[PDB]
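One structure is given here, and the rest of the page talks about it.
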Amino acid sequence: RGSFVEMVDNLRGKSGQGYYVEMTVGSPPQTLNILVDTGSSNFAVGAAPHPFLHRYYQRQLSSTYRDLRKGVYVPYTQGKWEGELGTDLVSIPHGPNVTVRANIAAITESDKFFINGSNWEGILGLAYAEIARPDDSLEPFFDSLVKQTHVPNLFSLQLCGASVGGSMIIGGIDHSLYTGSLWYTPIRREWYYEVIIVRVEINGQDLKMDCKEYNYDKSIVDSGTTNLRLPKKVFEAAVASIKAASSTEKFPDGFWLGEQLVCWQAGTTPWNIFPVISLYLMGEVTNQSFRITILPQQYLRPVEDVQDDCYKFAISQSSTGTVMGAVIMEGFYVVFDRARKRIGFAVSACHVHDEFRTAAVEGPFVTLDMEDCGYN
Ligand SMILES: C[C@@]1(c2cc(NC(=O)c3ccc(C#N)cn3)ccc2F)CCOC(N)=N1
Ligand code: NA
Ligand code: NA
């Protein structure tokens, strides 16, 4: 409880490529780097010599592998994977000192899935059974962990943005990782980590949309997506406020659609011209909310593959609802308190800020009719 020094700093990554944790699978153990993803529910690992992979799971080496004799085919918007299901012993070296028999999907064919040049070779789907493929009787990793050990039913994430690293605390919260207080929002349904956004401000000016728009058709917290994604109508209104608040300079409008990069001379990006963005989330108590505030440092992402200082606009339009991706999460320490069905936010002790502004988590606020904000 409250102090897990062996787990601090157990995540790594590179800009644009996500945050991964070291895992071992099988007997004797095979070490793999595995992307941490709160937006999906399968533990799936490269199991064949795909040319982009540093390492892959070799079932034939594991004396503890058991075949489930069932294939899985998983298409996404961008690309797909398919593989073969089994179970094996899994452990997290910089994690609790336990071993668990978990489901693993051994990926034997994929397309647009692995990143050329990245250092991970599998994905740890940390969300619930309801979105597991092929169906909800395939128990997710973290459910197996809790069922089989005395690890408490919660984990927390601190993602430190730009090389990147962070911490995933399995079984607890580490208080040195955040400042001020944790504020909690209810998990509305256990499938994704679905939450309810009740109001949206751009430099403290309310968007004034019906709040049901903010959650059309859901809002989720997703470490496996880079951007803040917003439902289309909300995106349209948010950009229009961001441009106004910022029209102290004039950028190519393709910039706002994420279609072109913008660059300044190294040394001073003018952060001060860009507004803060606040999301009010449903609180624990009737008619009570709290608000989280992110900076341009979070939503303007450095792009490194080209001489000066180039950024991509990292808020984008969505058709799958609001996605609070690594753009939101890098401001906060986020607690996935599955035992009490709630998600905690606090200011991260590592978030990227300047001398004038920081990220913020503040409450309570009085917000009426917060249940009307959910979409059915
Ligand atoms: C399973 C699925 C997925 C996710 C990923 N993520 C990343 O590459 C990735 C890249 C950068 C960041 C950051 N900062 C986080 N994730 C790759 C394939 C992939 F299939 C589907 C889409 O959405 C979710 N969350 N997970
Ligand atoms: Na348990
Ligand atoms: Na603290």
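Note that the numbering runs from 1 along the sequence shown for the chain. As the structure lists them, so they are numbered: ligands from 1, and atoms in each ligand from 1.
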Is [X] reaching over with its side chain to a backbone N or O of [Y], donor-acceptor style, under 3.5 angstrom?
X: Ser41; Y: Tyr128; result: yes
X: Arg12; Y: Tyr19; result: no
X: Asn215; Y: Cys211; result: yes
X: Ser144; Y: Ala102; result: no

Region of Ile115 engaging ligand 1 - heavy atom pairs below 4.0 Å: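 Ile115 to ligand 1: side-chain contact only, backbone stays beyond 4.0 Å.
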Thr38 and ligand 1 - part of the residue with a heavy-atom distance under 4.0 Å: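 Near ligand 1, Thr38 shows nothing, with every heavy atom at 4.0 Å or more.
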Contact with ligand 1 for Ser223, non-hydrogen, under 4.0 angstrom: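 Heavy atoms of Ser223 do come under 4.0 Å of ligand 1.
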Any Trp120 heavy atom less than 4.0 Å to ligand 1: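 It does, in that a heavy atom of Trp120 comes within the 4.0 Å cut-off of ligand 1.
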Under-3.0 Å protein N/O/S neighbours of the Na ion (ligand 2), ordered by chain then residue number: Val146 O, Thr149 O
Sub-6.0 Å ring centroid separation between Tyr311 and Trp271: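 Yes: the rings meet the under 6.0 Å criterion.
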Residues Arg199, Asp206; criterion salt bridge (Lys or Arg N to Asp or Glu O under 4.0 Å); working and verdict: CA-CA 7 Å; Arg199 184 177 158 104; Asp206 188 333; 2.7 Å; yes
Contacting atoms of ligand 1, where contact means under 4.0 angstrom from a heavy atom of [X]:
X: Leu35; value: 5 (C), 6 (N)
X: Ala326; value: 13 (C), 14 (N)
X: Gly18; value: 10 (C), 11 (C), 12 (C), 13 (C), 15 (C)
X: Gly16; value: 10 (C), 11 (C)

I'd like to know if [X] pairs up with [Y] as an ion pair, taking the criterion as any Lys NZ or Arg NE/NH1/NH2 lying under 4.0 Å from an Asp or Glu carboxylate oxygen.
X: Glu330; Y: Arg301; result: yes
X: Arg342; Y: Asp337; result: yes
X: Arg189; Y: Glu194; result: no
X: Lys14; Y: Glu304; result: no

Aromatic ring pairing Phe235/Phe313, orientation class (parallel under 30°, perpendicular over 60°, tilted between): tilted
Parallel, tilted or perpendicular: rings of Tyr178 and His175 (30°, 60°):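 Rings of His175 and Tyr178: perpendicular, over 60°.
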Protein residue, atom and distance nearest to [atom], heavy-atom basis:
atom: atom 20 (F) of ligand 1; result: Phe113 CE1, 3.2 Å
atom: atom 11 (C) of ligand 1; result: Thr226 OG1, 3.1 Å
atom: atom 3 (C) of ligand 1; result: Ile123 CD1, 4.0 Å

Charged tip of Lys218 within 45° of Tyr375 ring normal and under 6.0 Å: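 Checked: cation-pi criterion not met.
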Got a list of side-chain donor-acceptor pairs under 3.5 Å for residues 150-167, not counting sequence neighbours?
| residue | atom | partner | partner atom | Å |
| --- | --- | --- | --- | --- |
| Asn153 | OD1 | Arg338 | NE | 2.9 |
| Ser156 | OG | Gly172 | O | 3.0 |
| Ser156 | OG | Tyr333 | OH | 2.6 |
| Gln158 | NE2 | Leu177 | O | 3.1 |
| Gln158 | NE2 | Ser348 | OG | 3.4 |
| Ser167 | OG | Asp9 | N | 2.9 |

Closest contact, heavy atoms only, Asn33 versus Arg55: ND2-NH2, 3.2 Å
Which atom of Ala105 lies closest to which atom of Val72, heavy atoms considered: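 Looks like CB-CG1, 4.2 Å.
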Polar protein atoms near the Na ion (ligand 3) [N, O or S; cut-off under 3.0 Å]: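 Checking every protein N, O and S atom gives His175 O, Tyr178 O.
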Hey, does [X] come in under 3.5 Å of ligand 1, counting only N/O atoms on both sides?
X: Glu330; value: no
X: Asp37; value: yes
X: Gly224; value: yes

Is_contact(atom 22 (C) of ligand 1), protein non-hydrogen, under 4.0 Å: no
Pairing residues for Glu371 by the salt bridge (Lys or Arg N to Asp or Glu O under 4.0 Å) criterion, not counting sequence neighbours: none
